[PDB]
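The numbers in the authors' numbering rise by one with no breaks, and the one at position 110 of the sequence shown is 110. Working notes for the structure below.
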Amino acid sequence: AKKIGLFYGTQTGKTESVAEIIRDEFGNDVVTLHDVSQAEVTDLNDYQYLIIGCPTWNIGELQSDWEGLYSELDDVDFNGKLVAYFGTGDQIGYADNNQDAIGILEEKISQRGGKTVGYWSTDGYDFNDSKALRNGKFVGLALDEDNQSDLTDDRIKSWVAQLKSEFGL
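This is the structure:
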């Protein structure tokens, strides 16, 4: 049943416990992160829903990839699963959306079998959800030294809505 997880291969960020926010966002309790790196990728292998941050840096049209040192969902033989990516931030990687016939599917999990989300295309938010779950409610703020600013406050609710959207609105 429902059991989304988040597996990455890089540090976190400058946020407290986003995993908590996203967790409270998803509504349910479905929150399986790779935090248990001490385990096997089989964990996510059991589930057909994971979240990624950024793609790896391995180019090649034939000969290039020699070997690696990690066990990410990208490795698992994922089949027709849902994969939610961080989304956008500040970059551009031209590539065929998806609807196109050219080349061999074999290349990545995303193309292997399933759907991948990342972009946000609002249209209608007249739903109003409320996943009453034991957690707590406490609003606040804090002036961060850094100058740069952060995204909206309903961002998590957005991205989350995005994942839940594609995943299974």
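Just so you know, even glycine gets a beta-carbon here, dropped at the ideal spot from N, CA and C.
List in chain order: all unbroken alpha helix (DSSP H) runs of 4+ residues lying wholly within the region 37 to 96.
42 to 46
Using only CA atoms, which one of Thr116, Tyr94 and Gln162 lies nearest to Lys81?
Indexing the sequence shown from 1 puts residue 81 at position 81. Residue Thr116 holds the alpha-carbon nearest to the alpha-carbon of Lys81 among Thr116, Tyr94 and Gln162.
Please identify the residue among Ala142, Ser158 and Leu163 whose C-alpha is closest to the C-alpha of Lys14.
Counted from its first residue, the sequence shown places residue 14 at position 14. It is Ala142.
Rounded separation between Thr152 and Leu62 - CA only:
Along the sequence shown, one-based indexing puts residue 152 at 152. Along the sequence shown, one-based indexing puts residue 62 at 62. Rounded to whole angstroms, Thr152 to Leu62 spans 42 Å at the Cα level.
The beta strand (DSSP E) with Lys115 in it runs from where to where?
Working through the sequence shown from its first residue, we reach residue 115 at position 115. First-last of the beta strand (DSSP E) with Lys115: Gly114 to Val117.
Tell me whether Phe7 is buried or exposed, calling it buried when 16 or more other Cβ atoms sit within 10 Å of its Cβ.
Translated into the one-based positions of the sequence shown, residue 7 becomes position 7. Its Cβ being crowded by 16 or more others within 10 Å, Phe7 is buried.
Same chain, Cβ closer than 7 Å to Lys2, neighbours up to 5 away in sequence not counted
Walking along the sequence shown from the start, residue 2 turns up at place 2. Only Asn28 and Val30 meet the Cβ criterion.
For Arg112 and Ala19, the rounded distance between their alpha carbons:
What you label residue 19 is simply residue 19 of the sequence shown in a count that begins at 1. What you label residue 112 is simply residue 112 of the sequence shown in a count that begins at 1. So the alpha carbons of these two residues sit roughly 27 Å apart.
Excluding the 5 residues flanking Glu166 on each side, which residues of the same chain have their C-beta closer than 8 Å to its C-beta?
Against the sequence shown, residue 166 aligns to sequence position 166. Once the five neighbours on either side are set aside, the close Cβ partners of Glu166 are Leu82, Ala84, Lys115 and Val117.
From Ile92, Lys164, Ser37 and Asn79, residue whose alpha carbon lies closest to that of residue 204:
Nothing in the structure corresponds to residue 204, since the chain is present only between 1 and 169.
According to DSSP, is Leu6 part of a helix, a strand, or is it coil?
By one-based count along the sequence shown, residue 6 stands at place 6. The answer is strand: DSSP assigns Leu6 an E or B state.
With a threshold of 7 Å on Cβ separation, who are the neighbours of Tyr70 within its own chain once the five nearest residues in sequence on each side are excluded?
Counted from its first residue, the sequence shown places residue 70 at position 70. The answer, listed in chain order, is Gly9.
Could you check which residue in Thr12, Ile4 and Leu163 has the C-alpha nearest to that of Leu50?
As a position in the sequence shown, residue 50 is number 50, starting the count at 1. Checking every option, the nearest Cα to that of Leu50 belongs to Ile4.
Compare the Cα-Cα distances from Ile109 to each of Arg23, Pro55 and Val36 and report the closest residue.
To locate residue 109, count along the sequence shown from 1; it is residue 109. When only C-alpha atoms are compared, the closest one is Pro55.
Determine the contact status of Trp57 and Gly87, defining contact as a CB-CB distance below 9 Å.
Position 57 of the sequence shown, counted from the first residue, corresponds to residue 57. Position 87 of the sequence shown, counted from the first residue, corresponds to residue 87. No, they are not a contact pair.
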